[PDB]
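Report on the structure given below.
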RNA sequence: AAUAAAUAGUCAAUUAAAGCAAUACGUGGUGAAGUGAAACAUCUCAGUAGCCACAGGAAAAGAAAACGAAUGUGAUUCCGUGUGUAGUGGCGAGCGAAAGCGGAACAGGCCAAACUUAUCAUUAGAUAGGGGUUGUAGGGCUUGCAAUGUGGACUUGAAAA
RNA sequence: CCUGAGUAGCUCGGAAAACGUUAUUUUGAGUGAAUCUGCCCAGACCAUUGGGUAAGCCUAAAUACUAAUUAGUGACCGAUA
RNA sequence: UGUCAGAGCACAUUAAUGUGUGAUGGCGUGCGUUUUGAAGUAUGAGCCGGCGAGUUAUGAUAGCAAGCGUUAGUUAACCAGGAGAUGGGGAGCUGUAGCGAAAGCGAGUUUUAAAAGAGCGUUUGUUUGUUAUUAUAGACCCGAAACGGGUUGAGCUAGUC
RNA sequence: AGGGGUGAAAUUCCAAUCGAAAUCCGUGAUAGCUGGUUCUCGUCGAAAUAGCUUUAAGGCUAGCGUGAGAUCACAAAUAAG
RNA sequence: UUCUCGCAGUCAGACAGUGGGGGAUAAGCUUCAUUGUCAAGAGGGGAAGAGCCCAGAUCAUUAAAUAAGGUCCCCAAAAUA
RNA sequence: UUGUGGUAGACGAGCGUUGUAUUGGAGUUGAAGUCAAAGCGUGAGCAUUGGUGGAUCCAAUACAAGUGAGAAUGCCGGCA
RNA sequence: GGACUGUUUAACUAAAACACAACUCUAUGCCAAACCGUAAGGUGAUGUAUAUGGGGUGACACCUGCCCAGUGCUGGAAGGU
RNA sequence: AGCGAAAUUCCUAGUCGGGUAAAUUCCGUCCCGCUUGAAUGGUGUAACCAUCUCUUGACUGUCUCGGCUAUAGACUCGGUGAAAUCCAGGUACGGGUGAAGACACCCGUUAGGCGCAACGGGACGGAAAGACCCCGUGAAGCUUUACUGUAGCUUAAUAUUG
RNA sequence: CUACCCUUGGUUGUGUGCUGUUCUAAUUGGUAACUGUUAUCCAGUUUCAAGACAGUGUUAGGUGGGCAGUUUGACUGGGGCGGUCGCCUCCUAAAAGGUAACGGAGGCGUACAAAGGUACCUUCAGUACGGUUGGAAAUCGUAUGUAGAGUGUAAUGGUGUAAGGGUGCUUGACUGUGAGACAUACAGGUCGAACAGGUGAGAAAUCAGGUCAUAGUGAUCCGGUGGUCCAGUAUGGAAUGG
Ligand SMILES: [Mg+2]
Ligand SMILES: [Mg+2]
Ligand SMILES: [Mg+2]
Ligand SMILES: [Mg+2]
Ligand SMILES: [Mg+2]
Ligand SMILES: [Mg+2]
Ligand SMILES: [Mg+2]
Ligand SMILES: [Mg+2]
Ligand SMILES: [Mg+2]
Ligand SMILES: [Mg+2]
Ligand SMILES: [Mg+2]
Ligand SMILES: [Zn+2]
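Chains as they are written, first to last, in the UniProt record's numbering: chain A, 2 to 51; chain B, 1 to 59.
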């Protein structure tokens, strides 16, 4: 297999909410989206977590 | 008649039969499944009536 | 006796056993495999069989450095239940208590050591006595009061059933 | 003043205990304390609270078993049993 | 290799459209087993008689019947007893409120921000008898080659002395 | 003296048996594998397929039989449109 | 023939008709879909045949009409054109 | 009125055996067992008479099982 | 073919197999090494490298070439793990 | 190096010569030795061999080719008296059919009942739960750089201990 | 001038162990002598050689078929060697769905922060005439054509104003759920209206819980990582679990 997935975590409360897929070999940039966070109850910026 | 030890730890028994169980595919590989599949499998469920005979006498 | 003394050794006297079996029961040492796991090594069969030592009329165990969650039980053993539970297990096959509770039976005693006595080339650190036996801590050491008695895990006689 | 020292622990390998090693319990090797203001215990561990005093001995009863002696029983066999 | 018809013959009864044999016509490739299928050139049985294979203990669920019943039902061990039914014995067992991993809440509760939604619940008992099936014990019966443990054998034979 | 012995070597010989003696015991070893499984009458009446299986001569579940009970009209069948 | 509950059995199939694969429009071959039969099913036709055609055995009758097939004799039954 | 072929296999009703219990009862005027016979039943099975034999046994209702044999290259005995 | 004489698969093989004389290699400095035994003990050996155990070839004559990368064996002395 | 169709060579019954009337075997010889080969030794070698392999003299019933005789049986009489096998049997032949090769079935054919000596075609004769093959989550023995462990052998810390 | 901290060297001093000597009393002896003793074992005394090494107990590395217990697959037109072992699409597959074979062809073990979502605009490839570098074929305008183009990729299905190409804005490649169905032995898979929270695009309706659809993946146990309106073997914590 290839372990291409990755995990997004909120920055205010630092939980590890979301899971997605990203191909490092092309876009080395760290993803920074903004999605719903269950603890914070609103759309917060999520950034990647190892 | 001793209760099967590796069963009494997986099939909690509710009122009026209806053996209760957890769902599989929840321990290992998150990304290969989808969010819909994961939140459908978190909720526990009953045992098919076919295996109810095999399990009731197994408890 | 080597070696002077001494010990080893040798000779004599007295008292015990050595063995058998009830193919059974008990303890203790050592200890498999077949089989199950639908194969198999962890595991189970199993601390089973067998071999061996040791008795006994029964043995072993035993009078708390305990249980364990409470204004609590109060040696051990054995039966039912707790329960096929809490747990443990390549968490597979499988294994399986300790409390608590109801019961059969019921008893708890005694040394070592402090201190003291007599004697040992008293170098005793030893021999024989007294004394003392433990947890709401006890005993010894100094000083008084009350005691003459229950009690048996027990010696000899007599009488009776 | 006394209250059981190569002892309780600690470490290395193992095991009894329901537990495949873990508090408790034992130990082949090594090390090794304290003394009522003490020591151990209440599933790693520390403090508080509470329980008990090891490291010495002895113990009938209930329990297991019957080749044996006596009396007797059997919805047990009745000479291929 | 008998059967359905059927003559002749000889007798005479568990009194019956009777009994024994049966020239002659029609018809006709055994029994268990295992197999797609066997008369089988597939296998088992020489013949007769006897022996011989789904039981038992302890628990689970289901059906049927009985006792007892809505704060129900029910005893085990043990004790007394004709090696008795039974009486005592409520310690426990099931049911009486579920849900939840759990503290907890309670005819509601878990998930959930959610009191929506969904999951699960918002009463139908128990003890015995008997039967079917099932679990642990060899568990219908017979059947290995083998595995492990203890002993007995070099009077044949191999070697050495 | 046997998970041994002996072997001028052959897997020889070890009490008419030897690729690891003989008999006793665990032991009624285990055998998805052959064979056998004993009285009668009545009612009903199959499958020999799919999925998975260190599975393919076996096993589990579904499918098909039977028994007990319900559904009795909108369910299931049989003809035409 | 749907639903619930108890109880199993079965998982080596065969052949004939039909539509195809593999095969060589070869196999009583093999693998499938379908209709039957046999298995688990006797009688009559087939001379004799498990699987074809007709049929689907409660038992007795020394009764009558039929289905497939068939009517010189074996072998029951027909003649005319 | 509709049915009644049938292996595996489910379900129902039953016969027989051995013994125990209570209830009736037969037996040296001959019991069981054993052979023979020209009986009765839907079946498992059941009577009647006679010879032999020489002391236990039959029926009714429950109960409990070492309970029902043609096959196991079955075991034992006998005989071809 | 084997040098020979011999031994062998009792009870289907006596042979071209085994043995053997001789050759070489290796181990072994005596409480030898190898070996049986758990150890004691014992053989080796009341022996001492002109001796003993092991592997391989197999009288006698002539010959026994090449490779030390891999495996094995012996030695190494600084380093690395 | 040697030797070489070999106890080794598949094509290969190689080629060639000798033996032989005739020679897949035999002796010698050449060498594309499929893959010979130097102590798992190579090449020679007198003697020896219950060894193997080929040619040959004598020799003979081995044989053209079969015959004769004598005994012991066999066969008959008297006496004692087994075995394995076996569903019951009163157990024909041809063609066909059939679980595919028939004493029984179908359609024809042939045949008085019963022994005795013989012989072996058949009754897939009898004796052996097929040794081969396959299957079993079967066994044992053996192997190894298969796995896991281990007796031994060796190395270091620690006690014995200065 | 009085202090604290680095690089490098000498010193009296300890403390460790490291190699290396010497000595002996532990210890060893299958050196000798003596006695118990008429004794080749043995015990004791002395001598002789070794000497804190060796041997020995525990602990730990290495080599170790000398030895032990075991596995060493299945399908399979007999078995072996060969091939294959899950998933996806077509044909076989007999016009619903399904349907076997060591039957016929081929693919996957993903890819994209845009190739997602939304608003807006736009719609083939090819051929012919015409045009410097420039050629068969680049691009340019024109017509013609009804898909032969495109659709990330295998085949099939579907799609020409689309599900294809360009642009602006974003991240719904959401959280919590789920009535009702499909196909299914079980496990699992698939589709999804509708509801609450809080968003994106858009004037708004509406759309959005990943892509045009169909593969793109693997149970349980064990252990780890992040959060926690859970428990914490008497109590408070913790360890350890959930
Ligand atoms: Mg505690
Ligand atoms: Mg029968
Ligand atoms: Mg036969
Ligand atoms: Mg040789
Ligand atoms: Mg040679
Ligand atoms: Mg005679
Ligand atoms: Mg034969
Ligand atoms: Mg798009
Ligand atoms: Mg896409
Ligand atoms: Mg895609
Ligand atoms: Mg606490
Ligand atoms: Zn947040």
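No residue lacks a Cβ here, since even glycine has one placed at the ideal position from N, Cα and C.
- In whole angstroms, what separates the C-alpha of residue 51 of chain B from that of residue 57 of chain B? By 1-based counting over the second chain, the position of residue 51 of chain B is 51. By 1-based counting over the second chain, the position of residue 57 of chain B is 57. Near 10 Å, if we compare the C-alpha coordinates of residue 57 of chain B and residue 51 of chain B.
- Task: Grab me the residues of residue 42 of chain B's own chain with a C-beta within less than 6 Å of its C-beta, minus the 5 sequence neighbours each way, in chain order.
- Result: Within the second chain, the letter at position 42 stands for residue 42 of chain B. Same-chain partners within the cutoff: there are none.
- Query: What residues from chain A crowd round residue 30 of chain B, counting only those whose CB sits closer than 7 Å?
  - Reply: Numbered from 1 along the second chain, position 30 holds the residue referred to as residue 30 of chain B. The answer, in chain order, is 20.
- Message: Measuring alpha carbon to alpha carbon, tell me which residue in A:43, A:28, A:26, A:38 is nearest residue 17 of chain A.
- Response: By one-based count along the first chain, residue 17 of chain A stands at place 16. Among A:43, A:28, A:26, A:38, the Cα nearest to that of residue 17 of chain A belongs to A:38.
- Query: Going by Cα to Cα distance, which pick from A:36, A:2, A:15, A:49 is closest to residue 30 of chain A?
  - Reply: Counted from its first residue, the first chain places residue 30 of chain A at position 29. Answer by Cα proximity: A:49.
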